[PDB]
Structures are given as C-alpha cells and as structure tokens.
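The chain below stands alone and is given as structure tokens, in the form deposited in one PDB entry.
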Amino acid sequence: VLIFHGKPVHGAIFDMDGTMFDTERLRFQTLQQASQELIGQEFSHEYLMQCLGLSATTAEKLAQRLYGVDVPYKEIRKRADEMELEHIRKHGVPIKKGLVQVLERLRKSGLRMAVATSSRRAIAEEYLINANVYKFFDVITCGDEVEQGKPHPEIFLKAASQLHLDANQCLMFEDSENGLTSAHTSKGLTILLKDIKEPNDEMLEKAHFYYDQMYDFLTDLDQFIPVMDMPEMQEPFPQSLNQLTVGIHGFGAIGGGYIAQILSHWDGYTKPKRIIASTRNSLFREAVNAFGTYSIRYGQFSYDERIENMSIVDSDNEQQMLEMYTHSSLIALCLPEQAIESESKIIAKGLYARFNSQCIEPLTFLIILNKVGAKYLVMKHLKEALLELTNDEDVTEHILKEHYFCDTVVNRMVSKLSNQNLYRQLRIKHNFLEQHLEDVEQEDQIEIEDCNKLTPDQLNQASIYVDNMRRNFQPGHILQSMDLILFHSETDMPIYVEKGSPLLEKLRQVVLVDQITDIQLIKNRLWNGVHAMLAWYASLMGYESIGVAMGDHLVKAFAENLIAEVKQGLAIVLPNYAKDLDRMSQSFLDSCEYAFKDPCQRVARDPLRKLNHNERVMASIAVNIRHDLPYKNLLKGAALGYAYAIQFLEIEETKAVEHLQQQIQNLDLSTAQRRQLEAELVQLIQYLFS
C-alpha cells in the first residue's frame, strides 16, 4: 500500500520509550532529582550519559565506583520511578515532536501498526492511553510476553506475525542499540531515531534509515504520502492534534470567519493544538475564552462550524503578542490597510523577540488584505519599525530574509457580528445555563452497585472519580448543542498563497502559485472590478445594500452578464486558470445575492482611479476589443463609474471627460477603436444625468 524508498510497507512496529515518548530524558531528570533528595550530591550528567544502554546491575556497579560502595542506588532508582509516574499521570507522557503527525500518515495509508516495548503490558498500556496514541495500534507486544527479549528478534517477529505480516513488510522504529539489533535481525525496514546519546558507527551501518529526530522522518515520509484535496463545506477537521501553535494577528471577519477554518483543516492528518488570535474587542476575547470555542455560521446551508482549541489575547498586551510571534509556526496578518503602520511596531517587537529567543524554525507569514502590493506595504512599514526598534541594519535585514512573507488572494465575503447582537446572544445563552443549572441538582447523588468485577478498594475509588467529573463537566453539558456564533461567512474555500514556505506544501485548503500576479489580476478584474461596477449601478438606482439591489431583475441580469464578458476575456489571457475563473465567477454571484451588511460606499470608493487604462474596468474592455468579444455591459459599467463620480462624489463632468480620453489613448488599440469607444461611452454618461 504505502511505498517507502521503493519498498512496499504494509506494517509499522514502534518501540515506546526513547522512540515514541521522551521518557529517557524524564528518567535522566528524575534520577538527578532523586539523588539531590537522598544522598545530597546530584548524579552527574556524564554518569547518566554513560548508563544509557547499560543494565540496572552495571549502572549500580558504576554508581558504586564513583559515589562509594554504600550508595543507595536501588533506593534512588525506586524514588526516580515514583517521580516519573507522579509527573506522567498529571502532566501527561512527554510525546516526541512529530509522532502523532507520523502515526496519522501511516494509519490513513492503511498500515497495520503494533508497539514492541520491553516494558510490562500494564504500564505500557497506561502510557499509550495517557498519550492518546493507543487508538493507532492494532496489537501490543511486551517484554513480559516473550522468552528472550531485545536484542533477540522474538518481540519484533511476534508483533509482525500478530499483524498477519512478514517482518520485511514492516517499518521498525527504534532508539537503543539492543532494540535496533532486535528489529534488524527480525528482517524489518529499520528506522533509527537519535534520542539523547549519538548512536555508534555499528548502529548507523546496521540501520536502513537514520534521522536526528522524529520530525526529520516526518519530512521524509511526507514525500511518500499525498497532500489531501481541497476541503468541502461541512467536512470535519482532523481529530488528532500536533504540537504546533499558529497565530491570527487580527481576530476580525476574515481572520476569525475564514483563516481559522484553513488552520483548523491544516494538512488533513493533524491540526495545531492552539490557535492564538489577537483583538482589542474585550467582549469577543472574554466570550470565546469563557466558552473555550466559537462558531462560524454559513447561512446558505444553515451550518454552524465549531472552531476549537482557540485562545484569544489582547493586541495591546505585549507578553501575549510576543508569545504569539515566539511560539507560532505560521501567523496570518488579517488587519485593514489603515491599521498596518501602527501594528507594524508590535510585529517588529514580535519578530525581534523570536530572534532573541532560544522560535528555531522560520515563520510562515500570510498577508491577508484585498489590495494590490499588500505585501510591499506591510514589509515597507515592518522594515522602518525594525530599524526604529533595534537600530541594527544587519539584524533588521536578517529578520526580513529569515522568514517567509507570503502574498495571498482571498474570495470569501465575511461579516463580524455586532457587539449589540453578541450581548443579545450572551444574554439568551446565559438564560439556558441557568435553565440547565436548576435541574442538575434535581438528579443529585452518585452510586456504584455491586460490580462483581472491580475490587472493593478500587470500586470506592471509581465513585470518587465519576463524582468529581460529574460536578465539573455537568454544568458544561449544554455546550453539546450550543454554539457561540461570532461570524456569518460565504462558502468560498480556496486561499491562493505564494509558493516558497515548506510548511504550506501540505496545507490542503491552500492553492500554491509560483507568482501571485496571475490570480491577483483575476481578483482585480473578475471580482473587485465587477463588485465596483455593480456597486455603482446599485447606488444610482438608490438601494441601501448591493444585496437588496439584486431583487431588481435589471441589477441581477447586469451582474450575470458582466462576469460572463470579463470571464470570456480572462479565459484567453489566462487559459491555465480556466477552472478558477468558472469557480470564482459563481462564488461571486452567490455571495452578492444576500450581501446586506457590507455597504456600497466602501466598494465604490475612488471611481476615477478604478477607471484607469491598466485597472479592473478599462483593461477588461481593451482585452475583449482586441479578441473581438462582447463588451456592451463593461461599457455600461465604465459609464456608471463616471456617473457615480459626478452625482455622489460631486466631481465636475469636465474632469471625467478629461480623465477618460487619457485612459483610452494609453490602451493598446487601433486608432479607429479608440474614437469609437470614446463616442459610445460619453452618450451613456449624459443619459444617467436624466
């Protein structure tokens, strides 16, 4: 099924301690802590590095040589074991960075999987349950279930036979020398993972593949497992979390009501364990952190999408914002154009804090903004902010070169819910909590009848657990069928991002492009151009919102006919984006239908600039004329712009005609076509007067 370096892999057998979990470093720490308590002197780092691989008897004799014959080693070792379980049971088993990402890839590739550990069945199961990785494994082979343990191949041969597989059909993951010998001898595809101590030359010669850590194997495995397809609407997010944090600089409409979905989907195998989002909206921050989750409402399908693992912070709080730019692997900048200059300072501090931190991986920075050269604006202000802060030209330029700054194109209209509407929701939801809290003390009491399975010692202990759980969880049972709605968004999925960052290569809701130019030109002419031309027609007819205007057959007919003429043109110019034009065309018409909230004024701002020769309106006309396509609705659209400028913005008609003739001259058209286009357009402008 899964092909790994030209070898068919049907199985994956993992060692537990030192391979899956970082429990060798914990045993390293607990031995030092246990020594400090009892004998007073702390067992040297160097001694413990020497004990890696050696038996408990050999380790004791070494301790006796260094720290005297009467050193209570068995006492220190027994204490260290108590501290290990004590720590693991409350704080959780330390999982190697990359394991869950690897397991999901192997599992979704249809591999049967086992654990081959020298630990006891009882303790091995608790650890795999504690870590929440037991779900990935079909069978477990343990040291107390074999005649001869590692480095004898029995444990790996048995694990393989239990999965209905020959050893040579299985990947075998291992850290220790004895384990690798066991795995190699069994005949499996051995994968040696360095834990603490550098592996000797014999181990590196023996192993089929060697990696410095789990994440290096994940990078290699990613070459043999596919990037998943574009997520559909109402498609679940992954169940399994990785150890990565991601950031949304600006928890606004687009940040909370789109980017959160892309990050929640991630690569389809895992998703980030924490999504940090910044906002000065205190009501939004406290509300989300109170619920521990918010939801995005998709009106068209009446679907409420639960975005979990969210942590909302204050944009003004320095310690929280630096924590985002220090711990995040990917950050999405989702601010308006007129907030870039001010926010560039707190970004510069964030990237400087990351540079000073001992954070080690380059940051992927997505620029989310509906402007041409949006990246340029952010980078220009970020450059100044870094110089102003550090006063170090070498460090400033290092930061700008180190990280991946990605230009993007987004095609999803989103509406952030008002504070009045949120308060209304928080009031009605709080009511249900009181209605829920008034009939949970009606139940009352906790009882466990004669089980005739559990011992009376642990039967009493079971009652205490369920009692404690019931008290804490029961009040939050209402969250099952209760969503904190903060966003109303359309169903447009794909985000176009500049290719470069390795971290984007597996993101399934992302569409990678070598240069953003092409899709940004489409966004300009097909989306923003039509949106402006439609908004000019909406305003003159005297409709409050562009959504209300679609009720008029004239407006809706114009919109459908206008996208058609622009598409026909762009299909010849960019035939490699044929599927993207057809998708975006329909995505625009769907969103325009009930676009009530967002006004026409914002969309219709600066009509003269938008009617430039190389801009969204006039460029489309010139393309259609050159290739002899219908441009009658584009001509009508161009006229509405000059008409809007005169009536609403109070611009003189002389200024409109002066501007027009200059643009027509610049267009790459025949002398005949120029005069024809001028004569037709001026007649439409003088009609809309009356």
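Heads up: residue numbers just count along the shown sequence, starting at 1. In this text, the rigid core denotes the largest set of C-alpha atoms whose superposition between the two forms falls within 1.5 Å.
Unshown form deposited in another entry; subsequent notes refer to it.
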*asked:* Out of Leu369, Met228, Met493, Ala619, I need the residue that shifts by 2 angstroms or more at the Cα between the shown form and the other one, core superposed.
replied: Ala619
_Per-residue C-alpha change between the shown form and the other one, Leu677, threshold 2 Å, rigid core fit_ = yes
*Large Cα move at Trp536 between the shown form and the other one, threshold 2 Å, rigid core*: yes
*For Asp582, state whether the C-alpha moves by 2 Å or more between the shown form and the other one after rigid core superposition.*
yes
_Residue pair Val410, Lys579 - Cα distance in the other entry, closer or farther (3 Å or more)_ = farther
*Classify the change in Cα distance between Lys579 and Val511 in the other entry as closer or farther, relative to the shown form (magnitude of 3 Å or more).*
farther
